[PDB]
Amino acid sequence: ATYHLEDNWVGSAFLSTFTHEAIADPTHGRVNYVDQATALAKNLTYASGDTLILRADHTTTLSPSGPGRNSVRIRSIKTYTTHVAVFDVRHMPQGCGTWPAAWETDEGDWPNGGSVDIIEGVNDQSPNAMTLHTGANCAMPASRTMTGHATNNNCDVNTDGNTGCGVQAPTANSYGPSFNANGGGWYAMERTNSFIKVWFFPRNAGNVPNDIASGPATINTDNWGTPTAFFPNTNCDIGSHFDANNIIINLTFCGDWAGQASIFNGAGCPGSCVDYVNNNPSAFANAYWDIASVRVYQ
């Protein structure tokens, strides 16, 4: 459970170690993902000092026939197998219609190379969800040691209605406006051949491991307490469902999850998601990631 620093990304480092994906949104959201040059010119990405900001356009009223709201999706150039990734996050996007995520995948063969969602949610609805999506023959036991609560236990995209196998974090400040009011926190994910684990520590936690908070060169996960989400190999050969994955951090709007009427209105958001996203630019002023660092250990 001992790992050593492999990548340390802070500030402007993200501009050379990640790319921006200017792609049609695979989740069909009301978004226009821009390239790196466009994002930097429009200040949708800001990467300087000890800060990376990734944000949505919060000024344009969209043309209903035109593209969706400008935003960004960044992807690590490097890929990882057995590793730990630690995200020191000061702020995550909020607002009705938002669907932010920090996750890992191999886009080239999805879902067969796996995806693991470390931070994800929709429409300001706490708590955070940590979820795997795989091909066939991957499920999770009903009971396993973790602080969060399992919802769906079948990870196979094809037989699970694309829900994946997910765990809900136990505290509201794991996500959304609650997380932002508290100054964010740290998310760490350990992936091995035998399991995936995710830990959340709030910014003000008296028990955050120094491993996580101070980002030294060596870490030991045996000292981190019980994970928030645990995906053991009891009913899933983890290593055979995941290959080398990139880290992705993005913000979409509406789309296949957040944009469902039942879900959007369920969250207390008014009207249709697309109409809201088109017509309320100001409401996205807080639709930004503010990331202090991302570090990977191997």
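Numbering starts at 1 and follows the sequence shown.
Enquirer: May I ask you to compare 96-104 and 203-211 by their mean CA B factor in the entry and name the higher one?
Expert: Between 203-211 and 96-104, it is 203-211 that shows the higher mean C-alpha B-factor.
Enquirer: Mind pulling up the entry and telling me whether 142-150 or 183-191 has the higher mean Cα temperature factor?
Expert: Averaged over C-alpha atoms, the B-factors run higher in 142-150.
Enquirer: Can you pull the Cα B-factors for 230, 33, 253, 242 from the entry and say which is highest?
Expert: Highest C-alpha B-factor among the listed options: 242.
Enquirer: Going by the entry, which of 40, 263, 273, 249 has the most elevated CA B factor?
Expert: Answer for 40, 263, 273, 249: 263, with the highest C-alpha B-factor.
Enquirer: Name the third of the chain's ranked CA B-factors that contains residue 283, choosing lowest, middle or highest.
Expert: Its C-alpha B-factor belongs to the highest third of this chain's values.
Enquirer: Quick check on the deposited entry: does the C-alpha B-factor of residue 5 sit in the lowest, middle or highest third of its chain?
Expert: According to the entry, residue 5 has a C-alpha B-factor in the chain's middle third.
Enquirer: Lowest, middle or highest third: where is residue 44 by Cα B-factor in its chain?
Expert: Within its chain, residue 44 is a middle-third residue by C-alpha B-factor, going by the deposited values.
Enquirer: What third of the chain does residue 54 rank in for C-alpha temperature factor, lowest, middle or highest?
Expert: For residue 54, the deposited C-alpha B-factor lands in the lowest third.
Enquirer: Going by the CA temperature factor in the PDB record, which third of the chain does residue 71 belong to: lowest, middle or highest?
Expert: For residue 71, the deposited C-alpha B-factor lands in the lowest third.
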